[PDB]
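The data block below is protein28.cif; it holds mmCIF, C-alpha atoms and all ligand atoms.
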```
data_data
#
loop_
_atom_site.label_atom_id
_atom_site.label_comp_id
_atom_site.auth_asym_id
_atom_site.auth_seq_id
_atom_site.Cartn_x
_atom_site.Cartn_y
_atom_site.Cartn_z
CA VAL S 1 30.04 12.46 -4.34
CA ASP S 2 30.80 9.54 -1.98
CA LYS S 3 28.64 6.47 -2.58
CA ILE S 4 26.11 5.71 0.16
CA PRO S 5 24.07 2.55 0.95
CA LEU S 6 20.75 4.13 -0.15
CA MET S 7 22.27 4.53 -3.63
CA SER S 8 23.47 0.92 -3.97
CA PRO S 9 22.15 -1.35 -6.77
CA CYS S 10 19.88 -4.28 -5.87
CA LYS S 11 18.31 -7.37 -7.48
CA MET S 12 14.66 -7.71 -6.49
CA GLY S 13 13.22 -10.75 -8.20
CA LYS S 14 13.26 -10.18 -11.97
CA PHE S 15 14.15 -6.50 -11.47
CA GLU S 16 17.55 -4.76 -11.44
CA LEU S 17 17.02 -1.71 -9.24
CA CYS S 18 19.63 1.04 -9.38
CA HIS S 19 19.17 2.33 -5.82
CA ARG S 20 17.15 1.57 -2.70
CA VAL S 21 15.05 4.69 -2.28
CA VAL S 22 11.45 3.56 -2.82
CA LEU S 23 8.33 5.67 -3.33
CA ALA S 24 5.80 4.40 -0.75
CA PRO S 25 2.08 3.99 -1.71
CA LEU S 26 0.42 7.37 -1.24
CA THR S 27 -3.30 8.10 -1.33
CA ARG S 28 -3.67 11.64 -2.73
CA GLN S 29 -7.43 11.62 -3.52
CA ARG S 30 -7.04 13.40 -6.82
CA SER S 31 -8.51 10.64 -9.04
CA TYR S 32 -11.92 12.11 -9.85
CA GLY S 33 -14.67 9.56 -10.35
CA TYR S 34 -12.29 6.80 -9.23
CA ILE S 35 -10.53 7.20 -12.55
CA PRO S 36 -6.75 7.92 -12.80
CA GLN S 37 -6.10 11.45 -14.11
CA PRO S 38 -3.67 13.31 -16.41
CA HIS S 39 -1.98 15.07 -13.50
CA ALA S 40 -0.98 11.71 -12.03
CA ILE S 41 1.15 11.33 -15.16
CA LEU S 42 3.23 14.36 -14.23
CA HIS S 43 3.26 13.45 -10.54
CA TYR S 44 4.66 9.93 -10.94
CA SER S 45 6.84 11.08 -13.83
CA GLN S 46 8.43 13.73 -11.63
CA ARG S 47 9.37 10.92 -9.24
CA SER S 48 10.68 8.28 -11.67
CA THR S 49 14.37 7.38 -11.84
CA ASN S 50 16.21 4.75 -13.84
CA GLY S 51 16.03 1.50 -11.88
CA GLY S 52 14.05 3.12 -9.07
CA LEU S 53 11.00 1.45 -7.55
CA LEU S 54 7.67 3.22 -7.26
CA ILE S 55 4.68 1.81 -5.45
CA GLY S 56 1.55 3.53 -6.71
CA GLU S 57 -1.25 4.87 -4.53
CA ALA S 58 -3.71 2.37 -3.05
CA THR S 59 -5.94 1.25 -5.97
CA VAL S 60 -9.48 0.00 -5.30
CA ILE S 61 -10.18 -3.48 -6.64
CA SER S 62 -13.97 -3.30 -6.74
CA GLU S 63 -17.06 -1.18 -6.08
CA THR S 64 -17.42 -2.45 -2.52
CA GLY S 65 -13.83 -1.51 -1.77
CA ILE S 66 -14.44 2.26 -1.81
CA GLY S 67 -14.20 4.24 1.41
CA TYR S 68 -12.75 7.50 0.12
CA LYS S 69 -13.54 10.10 -2.53
CA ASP S 70 -11.51 10.35 -5.73
CA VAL S 71 -9.23 7.36 -5.06
CA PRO S 72 -8.33 5.34 -8.15
CA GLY S 73 -9.92 1.98 -8.95
CA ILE S 74 -8.87 -0.73 -11.38
CA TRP S 75 -11.93 -2.88 -12.04
CA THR S 76 -13.22 -1.25 -15.25
CA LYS S 77 -11.74 -0.95 -18.72
CA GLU S 78 -12.06 2.81 -18.32
CA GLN S 79 -9.76 2.74 -15.31
CA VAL S 80 -7.26 0.39 -16.96
CA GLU S 81 -6.86 2.65 -20.01
CA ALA S 82 -6.50 5.66 -17.70
CA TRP S 83 -3.55 4.01 -15.92
CA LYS S 84 -1.65 3.29 -19.14
CA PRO S 85 -0.30 6.80 -19.79
CA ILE S 86 0.80 7.07 -16.14
CA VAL S 87 2.55 3.70 -16.38
CA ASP S 88 4.16 4.82 -19.65
CA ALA S 89 5.56 8.04 -18.21
CA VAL S 90 7.17 6.10 -15.36
CA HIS S 91 8.67 3.53 -17.74
CA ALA S 92 9.79 6.35 -20.01
CA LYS S 93 12.29 7.14 -17.27
CA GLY S 94 13.10 3.49 -16.58
CA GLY S 95 11.38 3.16 -13.24
CA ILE S 96 9.80 -0.04 -11.91
CA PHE S 97 6.13 0.41 -11.09
CA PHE S 98 3.95 -1.71 -8.80
CA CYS S 99 0.24 -1.07 -8.36
CA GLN S 100 -0.98 -1.39 -4.81
CA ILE S 101 -4.32 -3.25 -4.97
CA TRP S 102 -6.71 -2.44 -2.16
CA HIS S 103 -10.09 -3.06 -0.51
CA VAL S 104 -11.20 -0.97 2.50
CA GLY S 105 -13.50 -3.59 3.97
CA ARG S 106 -15.28 -1.97 6.90
CA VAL S 107 -13.48 1.36 6.51
CA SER S 108 -16.32 2.76 4.41
CA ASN S 109 -19.87 4.16 4.49
CA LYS S 110 -22.98 2.95 2.65
CA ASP S 111 -22.90 6.23 0.66
CA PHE S 112 -19.76 4.82 -0.99
CA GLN S 113 -21.30 1.39 -1.54
CA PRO S 114 -23.33 0.19 -4.58
CA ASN S 115 -27.09 0.52 -4.01
CA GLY S 116 -26.46 1.84 -0.49
CA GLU S 117 -25.28 -1.57 0.72
CA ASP S 118 -23.28 -2.10 3.90
CA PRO S 119 -19.50 -2.44 3.70
CA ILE S 120 -18.13 -5.99 3.92
CA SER S 121 -15.76 -7.35 6.55
CA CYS S 122 -14.68 -10.35 8.62
CA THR S 123 -16.87 -8.91 11.39
CA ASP S 124 -20.13 -6.97 11.75
CA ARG S 125 -18.61 -4.46 14.16
CA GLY S 126 -18.28 -0.97 12.71
CA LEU S 127 -15.87 1.89 13.39
CA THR S 128 -16.43 4.90 15.60
CA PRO S 129 -16.27 8.33 13.91
CA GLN S 130 -12.91 9.82 12.98
CA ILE S 131 -11.88 13.37 12.16
CA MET S 132 -10.93 13.87 8.53
CA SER S 133 -7.73 15.39 7.13
CA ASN S 134 -8.95 18.99 7.36
CA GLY S 135 -9.92 18.82 11.04
CA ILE S 136 -13.40 20.24 10.45
CA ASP S 137 -15.36 17.28 9.10
CA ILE S 138 -16.18 13.99 10.79
CA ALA S 139 -16.03 10.68 8.97
CA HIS S 140 -18.92 8.36 9.89
CA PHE S 141 -18.78 4.66 9.04
CA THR S 142 -21.54 2.15 8.47
CA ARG S 143 -21.36 -1.07 10.49
CA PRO S 144 -20.17 -3.79 8.15
CA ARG S 145 -21.80 -7.02 7.05
CA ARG S 146 -19.87 -10.12 8.19
CA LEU S 147 -18.90 -12.10 5.06
CA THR S 148 -20.05 -15.74 4.97
CA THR S 149 -17.50 -18.53 4.75
CA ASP S 150 -18.26 -19.17 1.08
CA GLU S 151 -18.41 -15.53 0.01
CA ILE S 152 -14.80 -14.92 0.94
CA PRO S 153 -13.41 -16.80 -2.06
CA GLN S 154 -15.38 -14.32 -4.23
CA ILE S 155 -13.42 -11.52 -2.63
CA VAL S 156 -10.17 -13.43 -2.95
CA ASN S 157 -11.08 -13.46 -6.63
CA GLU S 158 -11.46 -9.67 -6.83
CA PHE S 159 -7.81 -9.15 -5.88
CA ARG S 160 -6.96 -11.70 -8.58
CA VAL S 161 -8.85 -9.91 -11.38
CA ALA S 162 -7.41 -6.57 -10.22
CA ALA S 163 -3.89 -7.97 -10.30
CA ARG S 164 -4.64 -9.11 -13.85
CA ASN S 165 -5.96 -5.68 -14.76
CA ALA S 166 -2.82 -4.02 -13.37
CA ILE S 167 -0.72 -6.07 -15.78
CA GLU S 168 -3.00 -5.09 -18.67
CA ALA S 169 -2.41 -1.47 -17.62
CA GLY S 170 1.32 -2.05 -17.97
CA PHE S 171 2.35 -2.24 -14.29
CA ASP S 172 5.50 -4.24 -13.54
CA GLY S 173 3.81 -5.81 -10.53
CA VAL S 174 1.31 -5.38 -7.73
CA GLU S 175 1.54 -4.86 -4.00
CA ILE S 176 -1.24 -6.45 -2.01
CA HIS S 177 -2.57 -4.07 0.64
CA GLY S 178 -2.43 -6.18 3.76
CA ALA S 179 -2.02 -3.27 6.15
CA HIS S 180 -3.57 -0.32 8.00
CA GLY S 181 -6.79 -1.95 9.10
CA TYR S 182 -8.28 -2.51 5.67
CA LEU S 183 -10.04 -5.72 4.52
CA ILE S 184 -7.04 -8.04 4.56
CA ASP S 185 -5.69 -6.64 7.88
CA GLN S 186 -9.21 -6.81 9.37
CA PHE S 187 -9.02 -10.60 8.95
CA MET S 188 -5.46 -10.81 10.35
CA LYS S 189 -5.89 -8.68 13.50
CA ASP S 190 -7.56 -10.40 16.46
CA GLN S 191 -9.11 -7.21 17.87
CA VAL S 192 -11.31 -7.33 14.78
CA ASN S 193 -11.61 -10.92 13.51
CA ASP S 194 -14.21 -12.65 15.66
CA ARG S 195 -15.02 -15.45 13.22
CA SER S 196 -15.96 -18.99 14.23
CA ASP S 197 -15.23 -20.52 10.83
CA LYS S 198 -11.84 -21.33 9.26
CA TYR S 199 -11.03 -17.67 8.55
CA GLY S 200 -11.06 -16.86 12.24
CA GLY S 201 -9.99 -18.20 15.61
CA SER S 202 -6.34 -19.21 15.37
CA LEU S 203 -3.45 -17.20 14.00
CA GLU S 204 -3.31 -19.66 11.08
CA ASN S 205 -7.00 -19.04 10.38
CA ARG S 206 -6.85 -15.24 10.65
CA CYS S 207 -4.05 -15.16 8.07
CA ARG S 208 -5.84 -17.55 5.73
CA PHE S 209 -7.60 -14.78 3.80
CA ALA S 210 -4.31 -12.96 3.17
CA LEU S 211 -2.47 -16.13 2.18
CA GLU S 212 -5.33 -17.21 -0.09
CA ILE S 213 -5.08 -13.79 -1.73
CA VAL S 214 -1.31 -14.02 -2.16
CA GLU S 215 -1.76 -17.44 -3.75
CA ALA S 216 -4.56 -16.29 -6.04
CA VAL S 217 -2.46 -13.35 -7.27
CA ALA S 218 0.93 -15.07 -7.51
CA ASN S 219 -0.74 -17.81 -9.58
CA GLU S 220 -2.44 -15.28 -11.85
CA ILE S 221 0.51 -13.04 -12.63
CA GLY S 222 3.56 -14.92 -11.36
CA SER S 223 4.95 -14.55 -7.83
CA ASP S 224 7.94 -12.64 -9.21
CA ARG S 225 5.53 -9.76 -10.00
CA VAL S 226 3.94 -9.76 -6.54
CA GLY S 227 4.65 -7.86 -3.36
CA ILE S 228 2.66 -7.59 -0.14
CA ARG S 229 2.42 -4.91 2.55
CA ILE S 230 1.64 -5.56 6.18
CA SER S 231 1.56 -3.51 9.38
CA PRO S 232 1.54 -6.04 12.29
CA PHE S 233 2.27 -3.28 14.82
CA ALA S 234 -0.22 -0.64 13.60
CA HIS S 235 -3.58 0.10 15.25
CA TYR S 236 -4.85 2.30 12.42
CA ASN S 237 -8.64 1.96 11.95
CA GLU S 238 -9.15 0.25 15.31
CA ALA S 239 -7.28 -2.84 14.12
CA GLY S 240 -4.65 -3.94 16.63
CA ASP S 241 -3.53 -7.47 17.57
CA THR S 242 -2.64 -8.80 21.05
CA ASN S 243 0.48 -10.47 19.61
CA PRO S 244 1.94 -8.23 16.81
CA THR S 245 5.33 -9.92 16.63
CA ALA S 246 3.92 -13.45 16.41
CA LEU S 247 1.44 -12.27 13.78
CA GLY S 248 4.30 -10.64 11.92
CA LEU S 249 6.55 -13.67 12.29
CA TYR S 250 3.76 -16.01 11.24
CA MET S 251 3.17 -13.93 8.13
CA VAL S 252 6.74 -13.61 6.88
CA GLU S 253 7.41 -17.27 7.56
CA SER S 254 4.20 -18.20 5.72
CA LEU S 255 5.14 -16.00 2.74
CA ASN S 256 8.55 -17.60 2.18
CA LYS S 257 6.94 -20.50 0.32
CA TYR S 258 5.42 -18.18 -2.29
CA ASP S 259 8.72 -16.83 -3.61
CA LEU S 260 7.45 -13.23 -3.85
CA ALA S 261 9.17 -10.17 -5.31
CA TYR S 262 9.22 -8.64 -1.79
CA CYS S 263 7.63 -8.15 1.63
CA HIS S 264 6.93 -4.52 2.62
CA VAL S 265 6.61 -4.03 6.37
CA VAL S 266 5.75 -0.87 8.26
CA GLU S 267 7.70 0.22 11.34
CA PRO S 268 6.09 0.51 14.82
CA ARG S 269 4.60 3.79 16.16
CA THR S 270 9.74 -3.70 22.31
CA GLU S 271 8.40 -4.13 18.77
CA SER S 272 10.85 -4.80 15.98
CA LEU S 273 10.98 -5.73 12.33
CA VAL S 274 14.36 -7.38 12.87
CA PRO S 275 12.89 -10.76 13.85
CA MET S 276 10.67 -10.50 10.75
CA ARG S 277 13.57 -9.61 8.49
CA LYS S 278 15.49 -12.55 9.90
CA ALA S 279 12.60 -14.94 9.34
CA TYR S 280 11.83 -13.63 5.84
CA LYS S 281 14.05 -14.97 3.05
CA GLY S 282 13.32 -12.48 0.26
CA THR S 283 13.56 -8.73 -0.35
CA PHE S 284 12.43 -6.79 2.76
CA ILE S 285 11.12 -3.22 2.46
CA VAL S 286 10.72 -1.02 5.52
CA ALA S 287 8.79 2.22 5.80
CA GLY S 288 7.80 4.74 8.42
CA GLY S 289 9.61 7.77 9.80
CA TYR S 290 12.82 7.41 7.80
CA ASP S 291 15.17 10.16 6.69
CA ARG S 292 18.47 9.98 4.81
CA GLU S 293 20.48 8.95 7.88
CA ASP S 294 18.07 6.30 9.23
CA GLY S 295 17.83 4.89 5.70
CA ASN S 296 21.52 4.30 5.13
CA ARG S 297 21.74 2.83 8.64
CA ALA S 298 18.88 0.35 8.23
CA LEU S 299 20.51 -0.85 5.01
CA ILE S 300 23.99 -0.96 6.56
CA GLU S 301 22.65 -2.76 9.67
CA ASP S 302 21.01 -5.40 7.46
CA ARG S 303 17.50 -4.33 8.60
CA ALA S 304 16.16 -4.01 5.05
CA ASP S 305 17.06 -4.28 1.40
CA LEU S 306 14.86 -1.36 0.42
CA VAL S 307 13.55 1.73 2.19
CA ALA S 308 10.24 3.36 1.24
CA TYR S 309 9.65 7.08 1.74
CA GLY S 310 6.23 8.70 1.96
CA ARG S 311 5.97 12.31 3.14
CA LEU S 312 9.49 13.21 1.99
CA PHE S 313 8.81 11.89 -1.52
CA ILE S 314 5.63 13.99 -1.57
CA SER S 315 7.53 17.26 -1.14
CA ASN S 316 10.70 16.15 -2.96
CA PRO S 317 10.22 14.95 -6.56
CA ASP S 318 13.95 14.18 -6.78
CA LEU S 319 14.26 12.47 -3.38
CA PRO S 320 16.89 9.97 -4.58
CA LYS S 321 18.97 12.66 -6.23
CA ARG S 322 18.81 14.78 -3.07
CA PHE S 323 19.92 11.83 -0.96
CA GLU S 324 22.70 10.96 -3.40
CA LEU S 325 23.98 14.54 -3.16
CA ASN S 326 22.94 15.05 0.48
CA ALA S 327 21.10 18.23 -0.58
CA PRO S 328 18.55 20.09 1.50
CA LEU S 329 14.98 18.77 1.43
CA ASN S 330 11.74 20.62 0.76
CA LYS S 331 9.39 20.67 3.73
CA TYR S 332 6.06 18.95 3.10
CA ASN S 333 2.68 20.56 3.62
CA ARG S 334 0.32 17.97 5.09
CA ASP S 335 -2.57 20.36 4.49
CA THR S 336 -2.48 19.51 0.80
CA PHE S 337 -1.80 15.79 1.16
CA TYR S 338 -5.44 14.91 0.59
CA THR S 339 -6.81 18.11 -0.92
CA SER S 340 -8.19 17.86 -4.46
CA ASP S 341 -6.29 20.30 -6.67
CA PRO S 342 -4.53 18.79 -9.73
CA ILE S 343 -1.40 20.86 -9.01
CA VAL S 344 -1.21 22.55 -5.62
CA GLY S 345 0.61 20.18 -3.26
CA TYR S 346 0.85 17.44 -5.83
CA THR S 347 3.16 18.57 -8.61
CA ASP S 348 4.31 22.05 -7.58
CA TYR S 349 7.10 20.91 -5.27
CA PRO S 350 10.38 22.06 -6.87
CA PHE S 351 13.37 20.02 -7.97
CA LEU S 352 16.91 21.02 -6.99
CA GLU S 353 18.00 24.35 -8.46
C1 LIG G 401 -0.91 11.43 2.25
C2 LIG G 401 -0.60 9.95 2.53
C3 LIG G 401 -1.16 8.93 1.82
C4 LIG G 401 -0.86 7.51 2.06
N1 LIG G 401 -1.44 6.54 1.27
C5 LIG G 401 -1.14 5.26 1.48
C6 LIG G 401 -1.71 4.18 0.65
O1 LIG G 401 -2.49 4.39 -0.28
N2 LIG G 401 -1.32 2.92 0.95
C7 LIG G 401 -0.42 2.56 2.00
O2 LIG G 401 -0.18 1.38 2.15
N3 LIG G 401 0.11 3.55 2.77
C8 LIG G 401 -0.20 4.83 2.55
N4 LIG G 401 0.36 5.83 3.32
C9 LIG G 401 1.33 5.41 4.35
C10 LIG G 401 2.71 5.54 3.65
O3 LIG G 401 2.89 4.64 2.57
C11 LIG G 401 3.98 5.36 4.49
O4 LIG G 401 3.98 4.04 5.10
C12 LIG G 401 4.07 6.43 5.54
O5 LIG G 401 4.13 7.72 4.87
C13 LIG G 401 5.30 6.26 6.42
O6 LIG G 401 6.46 6.92 5.87
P1 LIG G 401 7.01 8.41 5.94
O7 LIG G 401 7.41 8.67 7.37
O8 LIG G 401 8.27 8.32 5.02
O9 LIG G 401 5.99 9.38 5.43
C14 LIG G 401 0.07 7.22 3.12
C15 LIG G 401 0.63 8.29 3.86
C16 LIG G 401 0.35 9.63 3.62
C17 LIG G 401 1.00 10.72 4.45
#
```
Starting from the coordinates I provided, produce the structure as structure tokens.
Amino acid sequence: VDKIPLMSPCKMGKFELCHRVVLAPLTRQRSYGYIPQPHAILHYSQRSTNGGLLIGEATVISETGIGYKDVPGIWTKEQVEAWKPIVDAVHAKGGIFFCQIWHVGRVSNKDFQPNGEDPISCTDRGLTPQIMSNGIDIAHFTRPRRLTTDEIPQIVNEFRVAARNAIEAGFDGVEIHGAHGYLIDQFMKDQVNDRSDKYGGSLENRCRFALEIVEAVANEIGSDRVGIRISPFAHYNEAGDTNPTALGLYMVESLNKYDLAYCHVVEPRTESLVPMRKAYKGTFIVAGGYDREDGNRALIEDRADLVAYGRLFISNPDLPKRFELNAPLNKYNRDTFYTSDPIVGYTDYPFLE
């Protein structure tokens, strides 16, 4: 077997990764009652390799951050203890595990909120209905409540606690969810942020929330245990920006001072991550539409240090091994991406024979 770029070792902060194939954060909606479950142990265990990086599924930081059924949270002792066995199985195979901490902001409904309250956001504009994963049901969203200037720090604090909880759970680090139109991205994107205070207006102001969050977390658990994900070019959840590249450049530049473990950036649908990679001084992770070929290339062309795989890692437990041996890949069934069975479409994808 000839060595390939995707299999090359890599130093990422305090971690010695053995290869560059990363498991991207994947929401599977199989965490009943917002509590991590036993089947997650097998799932993440099936995907752990020695020195391989795994980014866990988006994990809700607080009650108000829920916008989906059965997603895991990390604000209660019950949730923390539930994560431990999952974290242990991953470590048992020598993998590095980061918990993605998340808050949906306006992407929610009052039925998901405590005491039927409205979701919180940088704006009071809500989302139009969207078709769910099955293609039969419609997702309706409640208009959000625009957070006041002095409430925001309270939210910044929620990410902090959560980050702390993740470490108590055993996680090696946390990835801040600054993408896909959720709370943090809502503040960054100008098509959404219509604030008149310091958290809105200019590009510097719109990124303040994010940067305050990065600082709160880095300070709490050490910047070497912190990663952040952004999607400057995505319009997911009606959250675009009239100047993606500047937003992206402003962000990476701004993050250099925090000496993070990495910056995870999502590819577009021109628009390029290259300028961002060039402006960012630390470990750069790219994700979105990659295969084995595109992965080795991006690494060889200096476009990234690590490559995250979503859909392919869903249907291929041994993705790294298959890339290392250039073996065929299992097809993935999107119909069971978000379904709720503990096995079907979650842990029944076969390893190489
Ligand atoms: C079923 C599913 C769940 C996802 N859950 C998350 C999530 O919780 N957090 C996140 O940042 N991205 C999430 N994503 C986006 C992926 O992390 C990744 O960026 C996307 O799959 C692009 O890569 P791919 O072409 O290799 O699948 C999800 C994608 C899918 C298909």
Test item: residues no farther than 10 Å from ligand LIG 401 (chain G), counting all atoms listed in the file, as a ChimeraX atom specification:
/S:22-29,55-60,71-72,100-102,133,175-180,182,228-231,264-267,286-291,307-314,332-339
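One finds CA of residue 279 in chain S at 21.8 Å from CA of residue 14 in chain S.
When only C-alpha atoms are used to compute distances to residue 223 in chain S, the closest of the residues S:111, S:12, S:21, S:324 turns out to be S:12.
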Answer as number ranges by chain, residues within 9 Å of (-14.4, -5.4, -3.9) using all atoms listed in the file
S: 60-66, 75, 102-105, 120, 154-155, 158-159
Between CA of residue 89 in chain S and CA of residue 317 in chain S, what is the distance, to one decimal in Å?
14.3 Å
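Atom pair CA of residue 226 in chain S / CA of residue 30 in chain S has a distance of 25.6 Å (rounded to one decimal).
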So that I can check the surroundings of residue 243 in chain S, please list as a PDB file with C-alpha atoms, keeping the file's coordinate frame every protein, DNA and RNA residue that reaches within 12 Å of it, counting only C-alpha atoms and ignoring chain neighbours fewer than 3 positions away.
```pdb
ATOM      1  CA  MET S 188      -5.460 -10.810  10.350  1.00  0.00           C
ATOM      2  CA  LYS S 189      -5.890  -8.680  13.500  1.00  0.00           C
ATOM      3  CA  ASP S 190      -7.560 -10.400  16.460  1.00  0.00           C
ATOM      4  CA  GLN S 191      -9.110  -7.210  17.870  1.00  0.00           C
ATOM      5  CA  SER S 202      -6.340 -19.210  15.370  1.00  0.00           C
ATOM      6  CA  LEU S 203      -3.450 -17.200  14.000  1.00  0.00           C
ATOM      7  CA  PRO S 232       1.540  -6.040  12.290  1.00  0.00           C
ATOM      8  CA  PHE S 233       2.270  -3.280  14.820  1.00  0.00           C
ATOM      9  CA  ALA S 234      -0.220  -0.640  13.600  1.00  0.00           C
ATOM     10  CA  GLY S 240      -4.650  -3.940  16.630  1.00  0.00           C
ATOM     11  CA  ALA S 246       3.920 -13.450  16.410  1.00  0.00           C
ATOM     12  CA  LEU S 247       1.440 -12.270  13.780  1.00  0.00           C
ATOM     13  CA  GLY S 248       4.300 -10.640  11.920  1.00  0.00           C
ATOM     14  CA  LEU S 249       6.550 -13.670  12.290  1.00  0.00           C
ATOM     15  CA  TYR S 250       3.760 -16.010  11.240  1.00  0.00           C
ATOM     16  CA  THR S 270       9.740  -3.700  22.310  1.00  0.00           C
ATOM     17  CA  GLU S 271       8.400  -4.130  18.770  1.00  0.00           C
TER      18      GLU S 271
END
```
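Nearest residue to residue 114 in chain S, choosing from S:235, S:91, S:67, S:294 and counting all atoms listed in the file: S:67.
Between residue 87 in chain S and the candidates S:208, S:43, S:69, S:20, the tightest atom-to-atom separation, counting all atoms listed in the file, involves S:43.
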Tell me, as a ChimeraX atom specification, which residues lie within 10 Å of residue 194 in chain S, counting only C-alpha atoms; anything in the same chain fewer than 4 positions away does not count.
/S:122-125,146,186-187,189-190,199-201,206
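Of the residues under consideration (S:136, S:252, S:86, S:41), S:252 shows the shortest atom-to-atom contact distance to residue 207 in chain S when counting all atoms listed in the file.
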Selection: 6 Å around residue 139 in chain S, only C-alpha atoms, excl. self and same-chain fewer than 4 positions, as a PyMOL selection string
chain S and resi 129-131
Residues within 9 Å of (-7.9, 9.5, -11.3), counting all atoms listed in the file, listed as a PyMOL selection string
chain S and resi 29-40+70-73+79+82-83
Take the selection from the previous step and output its residues with C-alpha atoms, as a PDB file, in the coordinates of the input.
```pdb
ATOM      1  CA  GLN S  29      -7.430  11.620  -3.520  1.00  0.00           C
ATOM      2  CA  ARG S  30      -7.040  13.400  -6.820  1.00  0.00           C
ATOM      3  CA  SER S  31      -8.510  10.640  -9.040  1.00  0.00           C
ATOM      4  CA  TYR S  32     -11.920  12.110  -9.850  1.00  0.00           C
ATOM      5  CA  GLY S  33     -14.670   9.560 -10.350  1.00  0.00           C
ATOM      6  CA  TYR S  34     -12.290   6.800  -9.230  1.00  0.00           C
ATOM      7  CA  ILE S  35     -10.530   7.200 -12.550  1.00  0.00           C
ATOM      8  CA  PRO S  36      -6.750   7.920 -12.800  1.00  0.00           C
ATOM      9  CA  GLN S  37      -6.100  11.450 -14.110  1.00  0.00           C
ATOM     10  CA  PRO S  38      -3.670  13.310 -16.410  1.00  0.00           C
ATOM     11  CA  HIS S  39      -1.980  15.070 -13.500  1.00  0.00           C
ATOM     12  CA  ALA S  40      -0.980  11.710 -12.030  1.00  0.00           C
ATOM     13  CA  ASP S  70     -11.510  10.350  -5.730  1.00  0.00           C
ATOM     14  CA  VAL S  71      -9.230   7.360  -5.060  1.00  0.00           C
ATOM     15  CA  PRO S  72      -8.330   5.340  -8.150  1.00  0.00           C
ATOM     16  CA  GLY S  73      -9.920   1.980  -8.950  1.00  0.00           C
ATOM     17  CA  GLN S  79      -9.760   2.740 -15.310  1.00  0.00           C
ATOM     18  CA  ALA S  82      -6.500   5.660 -17.700  1.00  0.00           C
ATOM     19  CA  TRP S  83      -3.550   4.010 -15.920  1.00  0.00           C
TER      20      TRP S  83
END
```
Need to verify the contact set: residue 166 in chain S, 9 Å, all atoms listed in the file, exclusion of same-chain residues closer than 3 positions in sequence. Can you return it as an NGL selection string?
:S and (74 or 80 or 83 or 98-99 or 101 or 161-163 or 169-174)
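Shortest separation to residue 258 in chain S among S:244, S:275, S:350, S:222 occurs at residue S:222, atoms counted being only C-alpha atoms.
Nearest to residue 304 in chain S of all the residues S:15, S:284, S:346, S:97 is S:284, based on all atoms listed in the file.
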Where atoms are absent from range 194-203 of chain S, fill them in so it carries N, CA, C and O atoms, then output it as an mmCIF file, in the coordinates of the input.
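The result, stored in rebuild20.cif:
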```cif
data_model
loop_
_atom_site.group_PDB
_atom_site.id
_atom_site.type_symbol
_atom_site.label_atom_id
_atom_site.label_comp_id
_atom_site.auth_asym_id
_atom_site.auth_seq_id
_atom_site.Cartn_x
_atom_site.Cartn_y
_atom_site.Cartn_z
ATOM 1 N N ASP S 194 -13.511 -11.879 14.643
ATOM 2 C CA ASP S 194 -14.210 -12.650 15.660
ATOM 3 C C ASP S 194 -14.949 -13.827 15.037
ATOM 4 O O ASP S 194 -15.980 -14.277 15.541
ATOM 5 N N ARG S 195 -14.403 -14.333 13.934
ATOM 6 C CA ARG S 195 -15.020 -15.450 13.220
ATOM 7 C C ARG S 195 -14.905 -16.791 13.927
ATOM 8 O O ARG S 195 -13.971 -17.045 14.694
ATOM 9 N N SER S 196 -15.884 -17.648 13.649
ATOM 10 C CA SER S 196 -15.960 -18.990 14.230
ATOM 11 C C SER S 196 -15.664 -20.031 13.157
ATOM 12 O O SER S 196 -15.594 -21.215 13.458
ATOM 13 N N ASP S 197 -15.516 -19.597 11.907
ATOM 14 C CA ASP S 197 -15.230 -20.520 10.830
ATOM 15 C C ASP S 197 -13.703 -20.640 10.653
ATOM 16 O O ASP S 197 -12.945 -20.267 11.551
ATOM 17 N N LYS S 198 -13.259 -21.148 9.507
ATOM 18 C CA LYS S 198 -11.840 -21.330 9.260
ATOM 19 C C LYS S 198 -11.030 -20.061 8.990
ATOM 20 O O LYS S 198 -9.795 -20.103 8.944
ATOM 21 N N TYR S 199 -11.716 -18.937 8.802
ATOM 22 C CA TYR S 199 -11.030 -17.670 8.550
ATOM 23 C C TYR S 199 -10.869 -16.883 9.833
ATOM 24 O O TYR S 199 -10.479 -15.716 9.808
ATOM 25 N N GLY S 200 -11.181 -17.523 10.954
ATOM 26 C CA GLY S 200 -11.060 -16.860 12.240
ATOM 27 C C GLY S 200 -10.635 -17.850 13.306
ATOM 28 O O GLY S 200 -10.522 -19.052 13.039
ATOM 29 N N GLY S 201 -10.398 -17.344 14.514
ATOM 30 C CA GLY S 201 -9.990 -18.200 15.610
ATOM 31 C C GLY S 201 -8.492 -18.187 15.848
ATOM 32 O O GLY S 201 -7.970 -17.355 16.602
ATOM 33 N N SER S 202 -7.787 -19.108 15.199
ATOM 34 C CA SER S 202 -6.340 -19.210 15.370
ATOM 35 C C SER S 202 -5.599 -18.231 14.476
ATOM 36 O O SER S 202 -6.163 -17.647 13.550
ATOM 37 N N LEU S 203 -4.314 -18.073 14.770
ATOM 38 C CA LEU S 203 -3.450 -17.200 14.000
ATOM 39 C C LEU S 203 -3.402 -17.727 12.563
ATOM 40 O O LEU S 203 -3.418 -16.949 11.613
#
```
